[PDB]
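Only one structure is covered here, and it is reproduced in the block below.
Throughout, read-outs are computed from the coordinates displayed, never taken from laboratory work. Cβ atoms come from the backbone with ideal geometry, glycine included; neighbour counts cover every protein chain shown.
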Amino acid sequence: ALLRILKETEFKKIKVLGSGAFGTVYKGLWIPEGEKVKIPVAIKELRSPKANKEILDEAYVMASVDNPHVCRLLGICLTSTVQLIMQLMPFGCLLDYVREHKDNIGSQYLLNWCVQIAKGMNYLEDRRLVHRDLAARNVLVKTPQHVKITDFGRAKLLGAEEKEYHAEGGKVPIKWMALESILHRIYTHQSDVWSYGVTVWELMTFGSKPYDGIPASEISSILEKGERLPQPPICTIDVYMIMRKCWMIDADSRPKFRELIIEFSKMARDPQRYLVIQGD
Ligand SMILES: *CCC(=O)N1C[C@H](COc2nc(Nc3cnn(C)c3)nc3[nH]cc(Cl)c23)[C@@H](OC)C1
C-alpha cells in the first residue's frame with residue numbers, strides 16, 4: 001500500500017457520515033483519473049497549518065498500514081483543507097450496529113469481532129503504533145462478518161527508543177482509558193489492551209454505556225478502589241475473566257493482543273459454550 005495524491009476533480013462528496021473536533025467524514029465517490037471506475041470512499045476533511053511535506057509524510061505512514069482489520073487510507077488531497085480518502089465501510093460504526101441489531105446478533109459474530117479487533121490491534125503494535133482511542137465507536141463494519149479499526153487522530157508512532165507515549169494536553173476518552181493513562185498521561189500497547197477490554201464489554205452488552213451516568217471525573221477514584229465494569233448477562237465467567245485481565249493495575253500483567261487473538265479464537269470455535277444468547 002502506497003500513498004497516492006488525489007486532485008479535487010477525482011472525487012466527490014455525496015453525504016455526511018459523521019463529524020467531530022477532528023473534522024467531518026463524508027460518503028463519497030473516487031474516480032481515479034483515467035481509470036473509468038467508481039470507487040466508494042469515506043472522505044475525512046480535517047479541521048496554523050503544517051507544511052504540505054509534513055502532512056504527506058505522515059500520510060505516507062498511514063497509507064502503509066495494510067491489514068484486513070484496520071481501515072485503510074487510500075489517498076490524500078491537499079488544498080485549503082486536508083482531505084483523507086479512506087475505505088468506505090458499508091455498515092457504519094460497530095457501536096451503532098450492535099445497538100441496532102442486538103435482537104439478531106449471535107455468539108459467533110460477537111466472538112469473531114473480538115478476534116478481528118485483536119488481530120488489527122496486534123498489527124498496529126507490530127507497527128509500533130499506539131491507538132489511544134480504541135472503543136466500539138471507532139470500529140467499523142465492512143460486513144456483519146468483518147470489522148475494521150479506524151483512527152481519528154489520537155494514534156501515535158513510538159520511536160525506536162520509546163516504550164510509551166507521554167501525552168500532552170489533548171482531550172481524553174476517560175471511560176476507555178487505563179488508570180496509568182488517566183493518572184500520568186502514559187500510553188502504551190498495554191493501555192490499548194485496557195481499552196480493548198472496555199470495547200469488548202461494549203460489544204457483550206450490545207452497546208451499553210460504561211460506568212453509565214457516572215461523571216468521568218470520578219472514574220480514576222472508582223478504579224483505584226478496585227471496581228470494574230460488571231459481568232455482562234450473556235458472558236460466561238471465562239469471557240468476563242479475560243476482560244478483567246485487561247483491567248489489571250499492572251500493565252504488564254495484562255494479556256497482549258497476540259494472546260487475546262489465541263484465547264478468543266479458541267472460544268470462537270465453540271461460541272455457545274462461552275456466550276449465552278437466547279435463540280442462538
Ligand atoms: C459509532 C460512530 C459513528 O457513528 N461514526 C460515524 C462516522 C463514520 O465514518 C465512517 N463511516 C463509514 N461508513 C458508514 C457510515 N454510516 N454508514 C451507513 C456507513 N466508513 C468509514 N470509513 C472510514 C471512516 Cl472514518 C468511516 C464516524 O464519525 C466520527 C464514526
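Numerical summary
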{"quantity": "Computed over the chain, Kirkwood Rh from alpha-carbon pairs, angstrom", "calculated": "19.7 Å"}
{"quantity": "Largest to smallest principal axis extent of the C-alpha atoms in region 1-88, angstrom", "calculated": "36, 28, 26"}
{"quantity": "Fraction of beta bridges assigned by DSSP in the chain that are antiparallel (%, nearest 5)", "calculated": "90 percent"}
{"quantity": "Pairwise FRET efficiency - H166 versus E227, Cβ, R0 = 25 Å, nearest 0.05", "calculated": "0.40"}
{"quantity": "Ranked by how many other beta carbons lie within 10 Å on average, peptides 19-31, 218-230 from highest", "calculated": "19-31, 218-230"}
{"quantity": "Estimated [θ] at 222 nm from DSSP helical runs (n ≥ 4, -39500 (n - 2.57)) normalised by residues in the chain, nearest 500", "calculated": "-10000 deg cm²/dmol"}
{"quantity": "Efficiency of FRET from Cβ geometry, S19 and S220, R₀ 41 Å, rounded to 0.05", "calculated": "0.90"}
{"quantity": "Paramagnetic reach from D212 in region 184-200 [backbone N under 18 Å; point 7 Å along Cα→Cβ]", "calculated": "198-200"}
{"quantity": "Listed pairs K15/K102; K53/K142; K15/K148; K12/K156; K13/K36 exceeding 23 Å between Cα atoms", "calculated": "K15/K102; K53/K142; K12/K156"}
{"quantity": "Added length on full extension, which subtracts the Cα-Cα distance from 0.36 nm per residue, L183 to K102", "calculated": "25.7 nm"}
